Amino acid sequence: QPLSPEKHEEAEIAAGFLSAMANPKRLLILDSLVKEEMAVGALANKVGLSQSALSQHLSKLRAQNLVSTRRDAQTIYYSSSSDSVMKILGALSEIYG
């Protein structure tokens, strides 16, 4: 008998989360930021993205509450403590390690 709507939107929510990290540059980003804070320019040069490209990706990450931000004058420092994230990265490294 079909699935109840409750496991439809829990699936929806889980899927929104995954879609948030289901992209190569975005995974590079989450890995680097889960293990150290850094400025956006440094990040763009680390993961090989133009500044605008990277800003958009980060916007998607913020959209799912997967990163936080800190301001030092002109510069913005990104980092991550959503451990949903690092459960997924853990699983992933287990898989390809």
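So that there is no doubt, residue numbering starts at 1 and follows the sequence shown.
- Judged by mean Cα B factor in the deposited record, 78 to 86 ranks above the other of 78 to 86 and 20 to 28.
- In this entry, the higher average B-factor at the C-alpha atoms falls on 31 to 39, of the pair 31 to 39 and 52 to 60.
- In the deposited entry, the Cα temperature factor of residue 13 sits in the middle third of values across the chain's modelled residues.
- Among the modelled residues of its chain, residue 47 has a C-alpha B-factor that falls in the highest third according to the deposited record.
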